[PDB]
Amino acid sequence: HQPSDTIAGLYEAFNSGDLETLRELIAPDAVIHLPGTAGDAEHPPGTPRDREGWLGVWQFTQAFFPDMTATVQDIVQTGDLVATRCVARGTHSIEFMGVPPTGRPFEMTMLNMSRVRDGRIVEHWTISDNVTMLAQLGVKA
């Protein structure tokens, strides 16, 4: 099952809130390298997480940016590896970091690389340009 479709499906699933598909497309024991911003006490910056850890982080993000969508811009494959560039678009519609909602939009780059075996993600690296998002939210005209 072609690895580029696995990754296109993954982001369609994240956008629609479709946990059943996400569990089909990601192995339970997949190694997920989230950036250091996603670290906590139990999981220091640079230590990997499993699928449910990743989905836990995603669930928490959906609470602050419920209209957020990741759109694949470029996609690149060689064998079981797939790399994507996405754009996350959304609004400041929920209060966060102590600032009440402004409605202001944001558009930030995500870069990802994933290893896909048997139609499922088994390793994944991702980083988002979080500082640019914050800059965009503090600058309308």
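Residue numbers here begin at 1 and follow the sequence given.
A.B. asks: Please work out which of 113-121 and 129-137 has the higher mean CA B-factor as recorded in the PDB entry.
C.D. replies: Between 113-121 and 129-137, it is 113-121.
A.B. asks: Report the stretch with the higher mean CA temperature factor, choosing between 43-51 and 57-65 on the basis of the entry.
C.D. replies: Result of the comparison: 43-51.
A.B. asks: Which is it among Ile94, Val87, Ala30, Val82: the one with the largest CA B-factor in the entry?
C.D. replies: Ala30 has the highest C-alpha B-factor of those listed.
A.B. asks: Please place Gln77 in the lowest, middle or highest third of its chain by C-alpha B factor as given in the entry.
C.D. replies: For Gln77, the deposited C-alpha B-factor lands in the lowest third.
A.B. asks: Among the chain's modelled residues, which third holds the C-alpha B-factor of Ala38?
C.D. replies: Its C-alpha B-factor belongs to the highest third of this chain's values.
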